[PDB]
Amino acid sequence: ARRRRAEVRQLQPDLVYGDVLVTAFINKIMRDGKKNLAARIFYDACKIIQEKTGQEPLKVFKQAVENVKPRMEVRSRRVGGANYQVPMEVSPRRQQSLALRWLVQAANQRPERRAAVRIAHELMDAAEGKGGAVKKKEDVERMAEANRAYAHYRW
Amino acid sequence: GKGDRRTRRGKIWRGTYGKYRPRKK
Amino acid sequence: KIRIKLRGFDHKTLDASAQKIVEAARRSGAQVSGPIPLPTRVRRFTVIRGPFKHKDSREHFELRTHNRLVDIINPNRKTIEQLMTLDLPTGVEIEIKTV
Amino acid sequence: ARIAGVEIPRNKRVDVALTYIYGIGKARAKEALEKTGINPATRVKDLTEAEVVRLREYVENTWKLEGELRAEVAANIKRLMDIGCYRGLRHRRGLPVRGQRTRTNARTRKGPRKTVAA
Amino acid sequence: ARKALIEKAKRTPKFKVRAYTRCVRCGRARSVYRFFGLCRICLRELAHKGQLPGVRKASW
Amino acid sequence: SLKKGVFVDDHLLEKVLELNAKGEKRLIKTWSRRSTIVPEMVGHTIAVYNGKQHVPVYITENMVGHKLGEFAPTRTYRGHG
Amino acid sequence: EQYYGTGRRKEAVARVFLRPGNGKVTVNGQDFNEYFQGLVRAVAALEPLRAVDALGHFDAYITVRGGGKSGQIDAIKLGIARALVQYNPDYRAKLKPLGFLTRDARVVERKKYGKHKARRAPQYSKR
RNA sequence: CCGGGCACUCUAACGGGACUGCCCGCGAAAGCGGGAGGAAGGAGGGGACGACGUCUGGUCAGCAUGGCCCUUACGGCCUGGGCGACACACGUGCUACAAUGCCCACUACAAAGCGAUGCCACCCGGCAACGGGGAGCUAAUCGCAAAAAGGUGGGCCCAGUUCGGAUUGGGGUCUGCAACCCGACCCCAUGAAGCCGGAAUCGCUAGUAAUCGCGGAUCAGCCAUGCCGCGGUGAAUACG
Ligand SMILES: [Mg+2]
Ligand SMILES: [Mg+2]
Ligand SMILES: [Mg+2]
Ligand SMILES: [Mg+2]
Ligand SMILES: [Mg+2]
Ligand SMILES: [Mg+2]
Ligand SMILES: [Mg+2]
Ligand SMILES: [Mg+2]
Ligand SMILES: [Mg+2]
Ligand SMILES: [Mg+2]
Ligand SMILES: [Mg+2]
Ligand SMILES: [Mg+2]
Ligand SMILES: [Mg+2]
Ligand SMILES: [Mg+2]
Ligand SMILES: [Mg+2]
Ligand SMILES: [Mg+2]
Ligand SMILES: [Mg+2]
Ligand SMILES: [Mg+2]
Ligand SMILES: [Mg+2]
Ligand SMILES: [Mg+2]
Ligand SMILES: [Mg+2]
Ligand SMILES: [Mg+2]
Ligand SMILES: [Mg+2]
Ligand SMILES: [Mg+2]
Ligand SMILES: [Mg+2]
Ligand SMILES: [Zn+2]
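To continue, consider the overall build of chain D. The secondary structure content of chain D amounts to five helices and zero strands. Starting at the N terminus and ending at the C terminus, chain D contains elements arranged as α-α-α-α-α. Scaling as 2.2 N^0.38, a compact globule of 118 residues should have a C-alpha radius of gyration of about 13 Å, whereas chain D reaches 20 Å, well beyond that. By its C-alpha atoms, chain D is 65 × 35 × 25 Å across when sized along the principal axes. Across the 118 residues that make up chain D, the buried fraction comes to 26%. Intrachain contacts of chain D at a sequence separation of at least 6 include 42% that bridge at least 24 residues. Within chain D, the 13 negative side-chain charges are centred at a point lying 16 Å from the centre of the 28 positive side-chain charges.

Structure representation (structure tokens):
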């Protein structure tokens, strides 16, 4: 991305809940190119957010996503001394991706044998706040706390 | 998987036919 | 009921050898239904570009075999004769069968 | 229960637990399952000793398993060795016995690596 | 290849399994095309002068 | 594996089938390692070629379906340093 | 008596026939949801209907060939977008901003000599 | 399938078609942003194409060729062997270590190529490889052909396992004069290492990367997981 501003890949909205967030999330669940499996997993998940919990599974997702969204992070930078760790804020775009990423990877670490139940529980625990993928968002922010000394080196 | 000659998936890969991939259509 | 099979390599000479026959038939005889371009069958050769060894850097050529079919429905002995000795092909091959 | 010497399969599923016997699996199983008119889909945990003894009797009688099976493949190879035979030599030195370049990994047959200097 | 080698290619009888292709412009036993009887350097050489009928270089 | 088959070369096949019905038996050098062995081979002493020389190989009843080059190995080894 | 449209995606091509009715859709001698059962991107093809407000106005009989199940679906979507643009082509007005009037130029990129997949290249060795 | 038509899909030749030519912004211009076009733009995406030259680069084993060199051999024919060796070391790969996964049954959707010294439908024998028979096609006209993933349905229940199929034993099929060394394939038994890989390291910016099958060249057969190609589904991410 030397010359350009590298404009953002844009996705077609969902065919059920009609939301881009969902598709962009669906993609991350997709192993080796299978979209069909990706949705059939996710859609079974919000089935689980229904019989289990009386709440509305869409609403959980935006919430569970907004809780696992990191507010600040520590980027490497090189200077008139050695390499450092400098705290800055995640751009809106960036916060997106990380939350979607961490969500899934956390999900797969959950012990539940079936894929949908994994993302189900995680996304629930995520929204209620106690989720493993949240432990990350938190943690990342905690790094940029302790390094606030180096926060004068930001760009 | 693609190396079990004693399976459907395997046979297809090796390109061959047999008791595990009998030829019918 | 008797049809003509046209083949060849250059479609410059192949096309131009259908069009003479169309009017050595239409004007020159009974009804003949226009040239139909049967699909081209393509032989391809891909080959290492140097004498010894550079396994990347190929060059490939191809030999294009083009087909063209014209149907002629009814016999006129001027069609038979004009299409016999007035042959003016070059690298084209022609065929005819009664059946 | 127990078949072919001791070899107890348990729980699981009956056509599967049949694989766990020496000399048997896949085919030789799903065959003797209907040949004894037994449901394969059932579980070896529970079934009538009826369908149990019909089942051991077939198998243990039909073909050779376990001890005598291993004893036969033993003396078969003993036969290839000591007859001075080629394949015999490849058994004698523990090297790969069919086709099989040995300049690089034979490892399954060769053992783990024993490295040396350049 | 050598002479008696380009020759023996032609002497085809005695166990036709032994008949192997050979280039008509080389003697080259390797990478000979059934269709042309030429080998792969020669195919590239003759195709480039136009002396291979209706044989054009491909691009796509 | 052949079966309608069992290929043996006719050259030694002669000299062996003879050494039954001639009544007499001795040492016979052949290049044919492609051939199968027995029945009337057993007890004959056949010299098989490895590419280098002719190896004496004594013959018995469990050598039966085995080609003549099984018993004449082609490569010299004795391991490494 | 009817309206027509043409669309194609990746060597797959679609014939679209629109003759008003309950909203019944026929594909290659089949119910729409039978042929496409289990494929979750299916309903995206008739997306220009939903945005044209015509629901149970039109039935559909549709032939399609080439490519594969899930790229044929994009070929139908252009069919319906070129058929709906026939009945009162004031429906061009909002179709094209939605982007249902453009054909996908996107196709399989070929293979290159020296490579493996036409971009994907063999592992570098160096030593 | 028939009549019928070729309108469509398509097949293949010929043109058309966007040139920053048009709208505001900037600017001195070239250009650049932005707008509406349009199927398409800012060289539309991909080929083919590779300056004077450099590496005393590669190739005397494709061929050519100056020079030196052997002349019952440094030439020539054959039978057999070797190029396939195995204490080990490196490069490119393939199949995996599983549950977004394995197996079984059913159900769909491609493109590009090849074949009347061949491709072989369909029927019978065989668990099968294959073998008998045997119709069509000089092939948009018959055959390779089943595409695979996917889809549906049921099974497995986290286990070195219905994971994974290396190794070995026995039984066979085929090509071929001939499968010991060295073939490919089928069945039965055997079921190993392996539970995501130290230091280190590669590819890829979109219909790409991943992943899934398919065809051809060479070719009797084949050690092809290779190579050259074809379509199927189809991400992520570029602050800088
Ligand atoms: Mg398996
Ligand atoms: Mg081998
Ligand atoms: Mg070897
Ligand atoms: Mg010479
Ligand atoms: Mg040969
Ligand atoms: Mg050759
Ligand atoms: Mg096309
Ligand atoms: Mg591809
Ligand atoms: Mg390479
Ligand atoms: Mg290299
Ligand atoms: Mg201007
Ligand atoms: Mg240029
Ligand atoms: Mg010279
Ligand atoms: Mg020379
Ligand atoms: Mg010599
Ligand atoms: Mg020789
Ligand atoms: Mg070699
Ligand atoms: Mg090396
Ligand atoms: Mg490989
Ligand atoms: Mg272990
Ligand atoms: Mg061998
Ligand atoms: Mg495990
Ligand atoms: Mg690794
Ligand atoms: Mg690039
Ligand atoms: Mg292939
Ligand atoms: Zn040549």
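Let us look at a positive patch on the surface. Residue and element names in this part refer to chain E. On the surface, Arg2, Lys8, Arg11, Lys14 and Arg18 cluster together into a positively charged patch. Tracing the backbone through its elements, the reader meets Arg11 in the loop between α1 (3-8) and α2 (40-47). On the accessibility criterion, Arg11 (59% relative accessible area) is exposed.

A word on the pattern of salt bridges. What the rule picks out here adds up to 31 salt bridges over all chains. Residue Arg110(A) is joined to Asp125(A) by a salt bridge in which the shortest nitrogen-to-oxygen separation is 2.7 Å. On the criterion of sequence distance, the pair formed by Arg110(A) in the loop between α4 (92-109) and α5 (115-128) and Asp125(A) in helix α5 is long-range, its members being 15 residues apart. Grouping residues by exposure puts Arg110(A) and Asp125(A) together as buried. In this structure, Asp15(D) engages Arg13(D) in a salt bridge whose closest nitrogen and oxygen atoms are separated by 3.3 Å. Three or more residues are tied together by salt bridges with common partners; here these are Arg110(A), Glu112(A), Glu122(A), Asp125(A), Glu128(A) and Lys130(A).

Residues and elements named next belong to chain F. Read across the open sheet, the three strands follow the order β1-β2-β3; overall the sheet is mixed. Taken across any chain shown, the strands that pair with only one partner, and hence form the sheet edges, are β1 (28-30) and β3 (54-57). Sheet twist, expressed as the average angle between the axes of neighbouring strands with direction ignored, equals 30°. Of the pairings in the sheet, the one linking β1 to strand β2 (residues 46-49) comprises three bridges and is parallel in character. From the neighbouring strand, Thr30 faces β2, where its bridge partner is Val48.

Time to look at the packing of aromatic side chains. In the structure shown here, the tally under the stated rule is 18 aromatic pairs over all chains. An angle of 70° between the planes, with centres 6.1 Å apart, marks the rings of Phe25(A) and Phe42(A) as edge-to-face. On the criterion of sequence distance, the pair formed by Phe25(A) in helix α1 (residues 20-26) and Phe42(A) in helix α2 (residues 35-51) is long-range, its members being 17 residues apart. Across the pair, exposure class does not vary: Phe25(A) and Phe42(A) are buried alike. Here the aromatic rings of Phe32(G) and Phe36(G) are separated by 5.4 Å at their centres, their planes lie at 80°, and the arrangement is edge-to-face. Given a relative accessible area of 8%, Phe32(G) falls into the buried group.

Among six pairs of chains with at least one contact, chains C and E form the most extensive contact set. One finds no contact between chain A and chain F; the C-alpha atoms of the two approach each other to within 44 Å at their closest. The least C-alpha distance between chain B and chain F, which are not in contact, is 19 Å.

Before going further, it helps to spend a moment on a nonpolar patch on the surface. Residue and element names in this part refer to chain A. Together, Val16, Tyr17 and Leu58 give the surface a local cluster of nonpolar side chains, amounting to about 270 Å² of exposed area. Relative to the helices and strands, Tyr17 resides in the segment before α1. On the basis of relative accessibility, which here comes to 34%, the residue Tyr17 falls in the partly exposed class.

Okay, the nonpolar core next. Ranked by size, the top nonpolar core spans 37 residues in total, and within it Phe25(A), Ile29(A), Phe42(A), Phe61(A), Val68(A), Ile119(A) and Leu123(A) carry the most contacts. Among the elements of the structure, α1, α2, α3 (57-67), α4, α5 and α6 (132-146) of chain A are those that each provide at least two residues to this core. In terms of nonpolar packing, the next biggest core, distinct from the first, is built from 29 residues, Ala45(G), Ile73(G), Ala83(G) and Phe100(G) among them.

Next up on the list: α5(A). All names here are of chain A. With 14 residues, α5 ought to run about 20 Å at 1.5 Å a step, and its terminal C-alpha atoms sit 20 Å apart, in line with that. Regarding α5, the residues found buried are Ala116, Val117, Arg118, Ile119, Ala120, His121, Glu122, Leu123, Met124, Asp125, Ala126 and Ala127. Where the residues of α5 are buried, they touch α1, α2, α3, α4 and α6. Backbone geometry just downstream of α5 places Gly129 in the positive-phi region, at approximately 100°.

Here is what the cut-offs are and how they apply
Sequence-order numbering is used: residues on each chain count from 1 as written, possibly diverging from the entry numbering, and only residues with coordinates are shown. Whichever chain is written first is A, and whichever ligand is written first is 1; the rest continue in order. Note that the chains on view sit within a larger assembly, with every value limited to the chains on view. Side-chain metrics rest on all non-hydrogen atoms present in the structure, leaving aside hydrogens and water. In this text, helices come from DSSP runs of H or I with a minimum length of four residues, and strands from runs of E with a minimum of two, each type numbered from the N-terminal end. C-alpha atoms define the radius of gyration in this analysis, and the globule rule sets the expected value at 2.2 Å times the number of residues to the power 0.38. When accessible area is computed with a 1.4 Å probe and restricted to protein chains, residues below 20% of their type maximum are described as buried, those above 50% as exposed, and intermediate ones as partly exposed. Here, two residues are considered to be in contact whenever any of their heavy atoms come within 4.5 Å of each other. Counted as positive: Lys and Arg. Counted as negative: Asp and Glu, with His and the chain ends omitted from the count. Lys charges are placed at NZ, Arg charges at CZ, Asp charges at CG and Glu charges at CD. Like-charged residues within 9 Å of one another, or nonpolar side chains (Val, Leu, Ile, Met, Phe, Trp, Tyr) within 5 Å, are grouped into patches, provided each residue has over 30% relative accessible area and no salt bridge. Using the Shrake-Rupley algorithm and a 1.4 Å probe, accessible areas are obtained, with residue cover drawn only from the displayed protein chains. Each reported salt bridge corresponds to a side-chain nitrogen of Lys or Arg within 4 Å of a carboxyl oxygen of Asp or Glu. Pairing between two strands is assigned when DSSP locates at least 2 bridges connecting them. Working convention: axes come from line fits to C-alpha atoms, limited for helices to the stretch in contact. Angles between N-to-C directions cover 0 to 180 degrees. The rule is short: rings of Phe, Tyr and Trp, with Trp giving its six-membered ring, pair when the centres are within 6.5 Å, and they are stacked under 30 degrees, edge-to-face over 60, tilted in between. As used in this record, nonpolar core signifies buried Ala, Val, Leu, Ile, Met, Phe, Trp, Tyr and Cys residues forming a set joined through side-chain atoms within 4.5 Å. Helix span, expected: 1.5 Å multiplied by one less than the number of residues in the helix.

On their own, these measurements won't tell you what the molecule is for.
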